[PDB]
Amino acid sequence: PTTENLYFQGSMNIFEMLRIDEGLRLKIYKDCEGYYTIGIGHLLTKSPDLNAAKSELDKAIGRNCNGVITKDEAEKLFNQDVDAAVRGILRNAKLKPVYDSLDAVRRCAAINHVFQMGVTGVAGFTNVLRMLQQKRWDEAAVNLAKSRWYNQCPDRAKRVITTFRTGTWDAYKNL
């Protein structure tokens, strides 16, 4: 690793990680599962009614957006969503002990997974959680690769899985 390469982990954090997995879009679009989304992976609603999604958006941003937001607004919503995922882990009796056992980089992978799937979805991965707590990284990654979360939308999940396997930021290099 060059000096520059050794600096790379200090440039990566949960915000940069999710920004890569989710992308940044200033207009309402449908995600790989067909759900209306905006900003940095902000799911607006699961309903197929665009009007519902716009309504959610205006509520979330606090103004008449007509389906469009600014970069600054995307960032604020993103920071709210990250905070929500972190809070969801820490208050959960099942997720917290696993999170606490993890190193810093795998904790980011955990927050990412919760950001994507929600608390109950993640907390339902009983075997994966046990494997992570036991540092069975290869098995945990293989089991995550069986999930609908990954298989329905591999590009959004693949880097998170690799990160659980390795505890490094390598999957986020060389975009």
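Residue indices: 1-based, along the sequence shown.
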property: Of 158-166 and 9-17, the stretch whose C-alpha atoms average the higher B-factor in the entry; result: 9-17
property: Between the two ranges 55-63 and 36-44, the one averaging a larger CA B factor in the entry; result: 55-63
property: C-alpha B-factor winner, where the candidates are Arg130, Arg148, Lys30, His113; result: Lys30
property: Third of chain Cα B-factors occupied by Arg91; result: middle
property: Chain-relative CA temperature factor third for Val68; result: highest
property: CA B-factor placement of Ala140, once the chain's modelled residues are sorted into thirds; result: lowest
property: Third of the chain's Cα B-factor distribution that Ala109 belongs to, per the entry; result: lowest
